[PDB]
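FYI, it's all coordinate maths here, none of it is from the lab. In this analysis, Cβ positions are derived from the backbone assuming ideal geometry, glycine residues included, and neighbour counts consider all displayed protein chains.
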Amino acid sequence: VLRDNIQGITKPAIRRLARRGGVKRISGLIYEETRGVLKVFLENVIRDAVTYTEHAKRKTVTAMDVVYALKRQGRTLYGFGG
Amino acid sequence: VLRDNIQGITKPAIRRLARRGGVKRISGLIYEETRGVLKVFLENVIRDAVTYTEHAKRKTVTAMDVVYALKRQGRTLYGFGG
Amino acid sequence: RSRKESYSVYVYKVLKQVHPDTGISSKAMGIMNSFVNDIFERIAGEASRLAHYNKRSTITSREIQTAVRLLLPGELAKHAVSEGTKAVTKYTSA
Amino acid sequence: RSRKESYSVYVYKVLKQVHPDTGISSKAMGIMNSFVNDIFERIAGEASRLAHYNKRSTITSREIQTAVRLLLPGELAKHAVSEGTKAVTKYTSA
Amino acid sequence: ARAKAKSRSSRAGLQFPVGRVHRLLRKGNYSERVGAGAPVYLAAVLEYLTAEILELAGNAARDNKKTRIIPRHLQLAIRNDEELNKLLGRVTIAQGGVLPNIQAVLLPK
Amino acid sequence: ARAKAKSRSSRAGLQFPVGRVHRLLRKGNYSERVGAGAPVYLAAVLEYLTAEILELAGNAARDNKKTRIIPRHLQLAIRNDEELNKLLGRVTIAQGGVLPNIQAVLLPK
Amino acid sequence: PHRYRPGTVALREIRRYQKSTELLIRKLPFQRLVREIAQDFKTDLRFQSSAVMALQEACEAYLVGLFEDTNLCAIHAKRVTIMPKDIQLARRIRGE
Amino acid sequence: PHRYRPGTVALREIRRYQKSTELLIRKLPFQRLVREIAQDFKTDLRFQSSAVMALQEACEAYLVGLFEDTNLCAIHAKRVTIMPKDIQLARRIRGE
DNA sequence: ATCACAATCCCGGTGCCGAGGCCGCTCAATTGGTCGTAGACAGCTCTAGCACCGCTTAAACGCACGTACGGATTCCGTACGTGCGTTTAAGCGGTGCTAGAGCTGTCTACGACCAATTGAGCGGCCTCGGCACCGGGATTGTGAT
DNA sequence: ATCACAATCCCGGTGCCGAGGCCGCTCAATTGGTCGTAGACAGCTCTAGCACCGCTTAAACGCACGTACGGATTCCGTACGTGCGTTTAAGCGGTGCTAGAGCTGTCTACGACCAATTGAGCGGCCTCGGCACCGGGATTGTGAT
């Protein structure tokens, strides 16, 4: 039973993502806010991907399950088969 | 041949729309900016609605042509048959 | 002029169950008819894609239930699944 | 394992026409295959709804052309219509 | 000689039409075949969602001291319920208006 | 006794497969019937859009002094062309990166 | 003579228009605008009366929706007055 | 000892990470996060390796996209520092 | 607080448009028998997903210093809100014309269906060569003098 | 301007694995004949869309006054950026176990199809009643004293 893995998304990792986004200066309260937003995004995608997996009577989440889940949420991903 | 009908969208009409939107104070340059935004919105919807009309070999734009055009732009409208 | 079909007789029957002394205007009835047609195509479209992904030629009650879980949020999806399962069970028994 | 189909042999022939001394990586070929499948279902879905709106049971060249005009922006739609019309005309002549 | 017909809706205990929904599933080009339980399940779901909206809209009409549900009442019902507002998030209700909402910084001091 | 086969793609002067596209239209539950001209038109449109992307991506690879097109070159081709950027506005290209863009107020004075 | 302070009537107008549902643009000049725009796509077009009404209901709903997003941008800049840069920021974030 | 002024290295880092395409979150702690979240939906799930990678490519693209909208909100308030209220404004206008 | 005041809510009496109730008929749902096949099931293979071990540095974490950015304050003048008189034009009701959309029956062009056949496309190998890695050389822009 | 300096682009040698080319084979596209039917089409009907006229006030427009909000300036103190030493854990390579996903053949329940039949739903009328309009009274919050 895994626990507290959201802190593995470190402060230097969040800063690198902000730099690719063009951000020059970052307040200290950004890091907890970003972890909450990422957790909300991941829970929504994974819930639909597991729903596709359970409908197929499988026990393994495939890349196609993730691609279908992203597509129905309006965020189409190219490069993994769909 | 009609011309310059965008000025029929008067300043009191734009103010009334802003009041329904909860706006308390309005700068003087808002009114010309709003007329440009409305014209862009109307051109996009009407272009698709006429495309549905021409495909049906009709000369009259129907309410269903407008409803289909709004739906494909992600702006679904209830109350006119769809 | 050809006959026009709608859900208005069924919407009125549901309204009398939940609010026996309440009516509905013709414009509001038009709103409800467009709502039912909208939700129908959303569910049937997702059920069609689910059968296509799994190489099945039949849309069953399993595909409808999965489409409901994908489309409806939270507690609405949970109660809708219970209503659909109960109706299929009663239909099967007789 | 069953055979897998893709558009990679056709994408490569188009690439040799426009850039004869340019290759493409396997990851980028995966992007192009997903792009073609994406645009296919977009056009075919809109063509399906157009036939349903007009009470037709056949998807023809007319439905494909209207779907292209609804889906592609501006100058892309104009040139795509010209390419489709030219190919149908040459197919008809022989 | 044959038994008297009894509707599929009454067999499932529903008010929404099972036989009509089955016809609309077949002619909508959704799949080659449609199973028997699929229109029963779909009719039950559509009936449930209709009853949820009409319950909240009837309460809004009573709060406005009105007998008849109008499109304003449906808009108030949908936008005040979080799950229905999520479900109909990209939907415009004609003659629906908006929720009363003034930002607190605009109030007099 | 019968004439030698000659493909529908070569009849239409196309590189994309007309016969495969017709089969995909038939089994996709799009309509009851599919006309003869419809897969010809669809194959021509898909071939045209492929050629536009590959032309711009090949130019991006040459500007980066590379022989082979990689997913970065496809992303640079799409995001620098206004119509293609509108067509693929809700699409994520894996390993594509972003365009170089720094807001002017962040530059040193 | 009696005079209300600036902002008092504006807050009264917000309460008036948020509680009602009628259209806020006059019907005849909107119809002329729709017919003008449609001339560039096909000449000699006709319109059903409900088609123009559906366009007006969609347009007023779009503009009201844009003005609430515009108002949030102005308040974010510690202002109570909406400006053209507020509209432009809202449309950029929306993806328009 | 040599010292760069504040903001000089940050502008260098923006030019480093905008020309490159590699993933910016470490792979193993992201995989642990995905498996933790999935436990609340179904126990004893397995994951294909490409399924986790597709999740990471989508998540990094979403966060980079949100940070550019966040940066526009801060500049609109005449700031160069992004704050939690900038993130909340961007997500509200997007409809999240 | 206090008083005058303009705007709005609430109560009541009529008129009226709109919704609910009723009829008949016709179209579509239901029933029953028949057949065909899509999908469930038991079993097997073999693929890849998981758990573990041991390093090897790349990356993260804590800490000190100080730069410069965000926030608070003050002041002012510029832009809008409010109110009023006058003019414009939208909304409404009626009235012709007629353009065009829906409907009917018929026939043909077109598309489905099916049986053989061959050639196009996919999986599996082999090997050139484009790309990546490492090691200087020369800038190139930054920062204090 | 100028000099020292840190980061980065560039050139070159070279190893490596990834892409392109080639071959077996097998599956699906093509051809030919046959028939079913969807749709084009010529014509009719009828209905609603357009154009015009004549009022009737509701709304828009210009203008004056004055309030208060946006923007510019100054100051400060707080919170992040930068850099450095130390610790930790991610990445990688190999190695077992085994869980589970794809494939094969068979069989049975389920779904399509088709012909009668009746009953459910829709279009058309009729008329109670809920809602809107208008007039009067009571609050009710705003603004100057």
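Worth a mention:
- Ascending list, in nanometres, of distances separating the E:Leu107 label from those of the other copies (7 Å, Cα toward Cβ): 4.6
- Inter-chain shielding of A:31-40 (mean C-beta neighbours from other protein chains, 10 Å cut-off): 4
- Amide H partners (placed H, <5 Å) of F:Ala94, local residues excluded: A:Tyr78
- Residue order, fewest to most surrounding Cβ atoms within 10 angstrom, among B:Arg19, A:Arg16, C:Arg69: C:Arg69, A:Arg16, B:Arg19
- Of all the options E:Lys66, E:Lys86, E:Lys27, the one that moves most in a Gaussian network model of chain E with Cα springs shorter than 10 angstrom is E:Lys27.
- All other residues whose Cβ lies under 9 angstrom from that of B:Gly79 are scored, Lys and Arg at +1 and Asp and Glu at -1, for a net of 0.
- Given +1 at the Cβ of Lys and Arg, -1 at the Cβ of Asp and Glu and no other charges, the dipole of the protein assembly as shown around its Cα centre is 360 debye to the nearest 20.
- Of all chain E residues, the one whose C-beta is nearest the axis that brings E onto F, in angstrom: E:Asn29, 2
- Nearest-ten-degree value, helix B:30-55 long axis tilted from longest Cα axis of chain B: 0 degrees
- 24 Å Cα-Cα threshold exceeded, pairs from F:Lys109/H:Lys78; B:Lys71/E:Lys86; B:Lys11/H:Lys78; A:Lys39/D:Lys4: B:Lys11/H:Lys78; A:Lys39/D:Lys4
- By the count of other C-beta atoms within 10 Å, a proxy for reagent exposure, D:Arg3, C:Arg49 are ordered fewest to most as D:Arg3, C:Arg49.
- Distances from D:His52 to itself in the other copies, using label points 7 Å out along the Cα-Cβ axis, amount to 1.1 nm in increasing order.
- Principal-axis tilt of helix E:37-63 within chain E, Cα atoms, nearest 10 degrees: 30 degrees
- Other copies of H:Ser20: label-to-label distances in nm, shortest first, labels 7 Å along the beta-carbon direction: 6.1
- Residues of region H:37-71 falling in the label zone of A:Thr60, defined by backbone nitrogen less than 20 Å from a point 7 Å along Cα to beta-carbon, are H:38-39, H:42-56.
- More than 21 angstrom apart: percent of Cα pairs within chain H: 54 percent
- Taking the Cα centre of chain C as origin and assigning +1 to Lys and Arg Cβ atoms and -1 to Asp and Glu Cβ atoms, the resulting dipole is close to 280 debye.
- Packing-based ranking of G:24-32, E:76-84, F:15-23 yields F:15-23, E:76-84, G:24-32, ordered from highest to lowest mean Cβ neighbour count within 10 Å.
- Alpha-carbon gyration tensor eigenvalues x 5, square-rooted, for the protein assembly as shown, Å: 39, 38, 30
- Residues of region B:11-43 with amide N under 12 Å of the 7 Å Cα→Cβ point at G:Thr81: B:25-30
- The rotation axis taking chain B to chain A passes closest to this chain B residue's Cβ, listed with the gap in Å: B:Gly74, 5.
- Angle in degrees between helix F:18-27 and the longest Cα principal axis of chain F, rounded to the nearest 10: 90 degrees
- Placed amide H near F:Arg68: partners under 5 Å, 5+ positions off or other chain: D:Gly23
- Approximating the spin labels as points 7 Å out from Cα along Cα→Cβ, the G:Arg94-to-D:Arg3 distance works out to 5.1 nm.
- Cα centroid separation - region H:1-37 against region B:63-82, whole Å: 45 Å
- Among B:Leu38, H:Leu23, sorting on how many other beta-carbon atoms sit within 10 Å of each Cβ, with the fewest leading, yields H:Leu23, B:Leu38.
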